[PDB]
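**Q** Experimental structure and its sequence below.
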Amino acid sequence: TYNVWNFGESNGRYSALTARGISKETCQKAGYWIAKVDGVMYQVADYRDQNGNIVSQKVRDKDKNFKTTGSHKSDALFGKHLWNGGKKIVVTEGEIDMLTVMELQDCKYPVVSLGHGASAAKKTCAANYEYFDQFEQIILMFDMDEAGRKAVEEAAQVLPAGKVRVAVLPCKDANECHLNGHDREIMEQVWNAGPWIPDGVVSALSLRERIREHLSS
Amino acid sequence: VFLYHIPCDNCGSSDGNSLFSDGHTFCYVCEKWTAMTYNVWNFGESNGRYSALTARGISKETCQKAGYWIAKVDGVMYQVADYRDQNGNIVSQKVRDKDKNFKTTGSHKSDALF
Amino acid sequence: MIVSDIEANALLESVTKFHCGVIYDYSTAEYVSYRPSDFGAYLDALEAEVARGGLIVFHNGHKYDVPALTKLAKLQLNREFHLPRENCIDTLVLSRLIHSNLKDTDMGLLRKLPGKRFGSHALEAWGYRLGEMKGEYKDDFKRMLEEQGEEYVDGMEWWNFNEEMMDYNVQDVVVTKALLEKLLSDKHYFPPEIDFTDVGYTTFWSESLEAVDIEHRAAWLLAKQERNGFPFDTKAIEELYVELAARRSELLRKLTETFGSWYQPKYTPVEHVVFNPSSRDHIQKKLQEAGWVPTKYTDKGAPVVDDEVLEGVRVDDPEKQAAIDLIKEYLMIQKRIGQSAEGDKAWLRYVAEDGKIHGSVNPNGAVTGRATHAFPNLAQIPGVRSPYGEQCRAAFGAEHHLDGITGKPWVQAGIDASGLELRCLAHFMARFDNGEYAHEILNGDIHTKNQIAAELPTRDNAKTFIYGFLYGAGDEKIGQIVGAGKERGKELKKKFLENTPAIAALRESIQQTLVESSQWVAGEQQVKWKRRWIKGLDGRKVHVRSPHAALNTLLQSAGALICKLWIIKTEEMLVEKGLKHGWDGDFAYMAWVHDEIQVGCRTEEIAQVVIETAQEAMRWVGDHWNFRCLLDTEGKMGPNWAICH
RNA sequence: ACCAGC
Ligand SMILES: Cc1cn([C@H]2C[C@H](O)[C@@H](COP(=O)(O)OP(=O)(O)OP(=O)(O)O)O2)c(=O)[nH]c1=O
Ligand SMILES: [Mg+2]
Ligand SMILES: [Mg+2]
Ligand SMILES: [Zn+2]
């Protein structure tokens, strides 16, 4: 609410994540750090511009609450400042998923994260249409929930056609599959995923059994 | 949770005092235990007493475990109930008397429970 | 011989994931570690250790580790895996029989232990005792997550896998090997003429005492019947709870109008306190001001309040005379509520999804080798003579488990020994009275003719009186059984003492064997010991706590071992006969209290085979150790555990 | 201190 919290005035320290499985190198590379203010250790994420100017903070506490430092922009993407090009990007739903993909790829593919989540994803994907024109393939990576299916359905409408491909996961998202040891099945979903078919249109040959079922009704 | 027995010091017994994992001891013989307005009313300031309700019938321990205490401020009798959170702090209060003067002090949320 | 450990996701109830495993060998001396993707190689190493003719060492292996391996080998990669009981040995079984006395030696060491490990047979306690512990896992994990933002107030630190779990697993198997090198360094149980780190499964068991085999077989049996469970009725006990919850709400409205409220001193601060029938202090104050003199002072300033002083009490007001019975009924209903449903360790809070109760059965918990029961305690529910006793034992039945192939209830057989310790006493002192005492015990019932010759009203009072008189009573505590004074208590002792003059001779022989001198203090007792331990029936050092209770620790410690061998032999005959144990088989052990056993079986012919072979097993127990007496049991057949008590 | 068991 007050101002952008500096790490010096808030006792900033870059550490690892034991409960989720992220070493300190990935959080050192990104900028997701920990403040020691008011006794309770606060987690905080940093947002940057295209040049690298610090513009926004996301403050979260020990009990799953949200705190914005001020004016949260619509073009705010977590991880946009680090990459300025590429042929294959992966868009993650949350913020720990992007760090998990950075952990399992040794900082190779340009992977970013959203700034709104699954509630206002359409506005921040319509306001970031000019950024996605310099890319060649986009891999959407959202949750395996009904809200995740709603986000990957409705947020893939303001995107350029022919470059959007959707992967599936057996967990909730990629982080528990990293915790359950499904590190081999996620790389095949990164490399070979399914295209933007299930919007609601059907093929002329896929109905062959179901028309039979209505024929048997 | 119960762990084992220690010899007591007040009653002086051998297996009367019991030790717990929380750090407190309790003896079974000597019975000794060790270890709008927009203002939330203080307990000791407004003469807070855990009196048991007589006309309908409620024990004292239920009023202690629930937080429904009687204030004797200004020569009248108020029945203040307390609404808390998941963290264990007083969020809001409700004041009720014989005329049912609904004086809800504090930040009364729309999802307040008891 | 290998020493191995496991790491799983949760307890034995719902385990779904293997994490890590370390195998150390006594032939190559290698810390062979394993991975979550190397569980099949771990099973191949264990099967190679089994097939070569070796022994596998675990810690708490019979209760936890072996069924976790059996479940995770089936529900993760679909392959059968069974370990023979003659190859698996445990270190928690050996920790309870060699070191059977830790509470009497933990003082003087508490400087080492933090205080929470006071008399614990857990492996972290022995790691604190062996001074080999490079920190904890739970406390370091909590400190790490408090250093991080996400806190973990749950306390189940076995969800994810990392390398720190592997490191503390290596530390755990080091502590296990450090316990094994000390527990094998005993001379009374293991003979110092052969090394026990390279022998097979036919040499390690057949070149030592008998006590090391029977305890591991009993641990296997008790872990199996713990895994089996006990059938329980949910609706019949909720009906009882809703019955006797509207009773104590009537016994408080009717009672507080009789015994009125009063002011109690907190300018003098007073409070309006009401009558609390649960407290033993308010009833004492209300019986002071009702015109009653207690004439009995156990405490230095307070009388005693129990069931035997609230019967012989008289006041002037005839309403209070009827109210005291309501107070006793209220206390009984309060204890019933505290035991049944509202307790922290109650019945309804330990019911599994299949309608069964799994209770912890510690095979060696008492100082006399008597097995104990906890979480919950299934050996302390009220009997049929207590009020609300039949309605509780009707719910703890075996007919509540329908068969999975026919949909039919099963039959419960309960087998009790009659006159166990009193016949063992006839076995011991037969060298003094030339053995003409065990013939009257075999000639009809002993408690019935004892009741006739002692004019007790009930058989239960006579059975209480004989074991009160036998195990060192006083002059009034056995006069309290009949309710008379100390003169009747003196004349009954002089009557039952002059009948068989071999109890005092055996007591004098035991006192001449154990103690040599006893200095007397007016407020204490200083005893110089000569032999603190007693050799049992299998060479086990039974510990003695007090010198005037030596007959107690000589009798009941020799009486539990014959039952512990009998419960082994009564299934060793049924397995060799061609039956099948388990819920999908023919019979299942359900409950083993100190005297009787409760088995549940599918048809009545199986119960007939069990009640026939129990006498043969008891005869083999009486013949194997060359007893001078003749052992005998008695069995009952029924639908539930109200008839077969 | 009380209650129940074995
Ligand atoms: C009641 C009681 C029994 N015992 C002992 C006596 C027995 O060896 C064992 C269980 O006693 P019981 O099973 O009650 O008596 P019993 O087996 O001799 O006779 P029956 O089966 O025909 O009813 O525990 C005590 O040590 N103290 C006691 O207070
Ligand atoms: Mg273990
Ligand atoms: Mg018996
Ligand atoms: Zn005390």
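**A** Looks like it came in fine. Numbers count the residues shown, from 1 in each chain, chains lettered A, B, ... in the order given. Ligands and ions are numbered 1, 2, ... in the order given.

**Q** which residues pair with the closest residue to residue C:525 other than its chain neighbours across the strands?
**A** Once flanking residues are discounted, residue C:525 sits nearest to residue C:518: 7.0 Å by Cβ to Cβ, 6 or more residues apart in numbering or on different chains. Every C-beta, even on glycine, is put in place using the N, C-alpha and C of the backbone. Beta-bridge partners for residue C:518, by DSSP bridges, are residue C:527.

**Q** Can you report how many residues lie near residue C:518?
**A** A count of neighbours around residue C:518, defined by other Cβ atoms under 10 Å in any protein chain shown, yields 13.

**Q** ok, now residue C:347?
**A** Count around residue C:347 with other Cβ under 10 Å applied: 21.

**Q** For it, give its distance to residue C:123.
**A** To residue C:123, residue C:347 is 31 Å away according to Cβ to Cβ, to the nearest Å.

**Q** what pairs with the residue most central in space within chain A across the strands?
**A** Centroid-nearest residue in chain A, with Cα atoms, centre = their mean: residue A:92, separated by 1.9 Å. Beta bridges link residue A:92 to residue A:113, residue A:141 when assigned by DSSP bridges.

**Q** residues contacting it?
**A** Applying Cβ atoms under 8 Å, 6 or more residues apart in numbering or on different chains, we find residue A:92 in contact with A:98, A:101, A:111-114, A:141, A:173-174.

**Q** Which of those sits closest to chain C?
**A** residue A:174 (14.4 Å; Cβ to the nearest Cβ).

**Q** which one of the contacts of residue A:92 has the most neighbours?
**A** Busiest of the contacts of residue A:92 [other Cβ under 10 Å] is residue A:174, holding 29 neighbours.

**Q** related to what we said a few turns ago, what about ligand 1: which of the contacts of residue A:92 touch it?
**A** The subset of the contacts of residue A:92 lying close to ligand 1, counting by Cβ under 6 Å from any ligand atom, is empty.

**Q** The residues you listed: which two are farthest apart?
**A** Across the contacts of residue A:92, no pair lies farther apart than A:112 and A:173, at 15.3 Å, counting by Cβ to Cβ.

**Q** The residue in chain A that RNA strand D sits nearest to: how many residues sit nearby?
**A** Nearest to RNA strand D in chain A, going by Cβ to the nearest atom of the strand, is residue A:63, at a distance of 39.6 Å. Burial measure for residue A:63: 10 neighbouring residues, criterion other Cβ under 10 Å.

**Q** quick one: contacts for residue C:394?
**A** C:233, C:236, C:640, C:642.

**Q** OK, contacts around the residue in chain B that ligand 1 sits nearest to?
**A** With Cβ to the nearest ligand atom as the measure, residue B:15 is the residue of chain B nearest to ligand 1, at 19.3 Å. Shown in contact with residue B:15 (Cβ under 8 Å, 6+ apart): B:5, B:7.

**Q** Pretty sure it sits in a strand.
**A** No: counting by DSSP: H, G, I helix; E, B strand; the rest coil, residue B:15 is not part of a strand but coil.

**Q** sec struct for the nearest residue to residue C:479 once chain neighbours are set aside, please.
**A** Among residues not flanking residue C:479 along the chain, residue C:489 sits closest, at 3.1 Å (Cβ to Cβ, 6+ apart). Per three-state DSSP, the secondary structure class of residue C:489 is helix.

**Q** Touching, residue C:489 and residue C:483? I think so.
**A** No: at 10.6 Å, residue C:489 does not count as touching residue C:483 under the criterion of Cβ atoms under 8 Å.

**Q** Against which helices or strands is the helix or strand hosting residue C:464 packed?
**A** In the assignment (DSSP states H and E), residue C:464 maps to helix C:459-470. Secondary-structure packing of helix C:459-470 (3 or more Cβ pairs under 8 Å, 6 or more residues apart in numbering or on different chains; DSSP states H and E): helix C:421-428, helix C:446-454, helix C:479-482, helix C:486-497.

**Q** ok, now with 10 Å
**A** Helix C:459-470 makes packing contacts with helix C:421-428, helix C:446-454, helix C:479-482, helix C:486-497, helix C:550-577 when contacts are defined by 3 or more Cβ pairs under 10 Å, 6 or more residues apart in numbering or on different chains; DSSP states H and E.

**Q** How about the helix or strand following the first one and ligand 1, touching?
**A** What it means is helix C:421-428. Using DSSP H and E, the helix or strand that follows helix C:421-428 in sequence is helix C:438-442. No: judged by Cβ under 6 Å from any ligand atom, helix C:438-442 and ligand 1 are separated, with a smallest distance of 10.3 Å.

**Q** neighbour count winner among residue C:489 and residue C:483?
**A** Set residue C:489 next to residue C:483 and count neighbours by other Cβ under 10 Å: residue C:489 wins out with 21 against 10.

**Q** contacting residues for that one?
**A** Counting by Cβ atoms under 10 Å, 6 or more residues apart in numbering or on different chains, residue C:489 makes contact with C:469, C:473-482.

**Q** By proximity to RNA strand D, which residue of chain B wins?
**A** Closest point on chain B to RNA strand D, by Cβ to the nearest atom of the strand, is residue B:28, at 3.7 Å.

**Q** Quick check: that residue touching residue B:10?
**A** No: at 11.5 Å, residue B:28 and residue B:10 do not qualify as touching, with contact defined as Cβ atoms under 10 Å.
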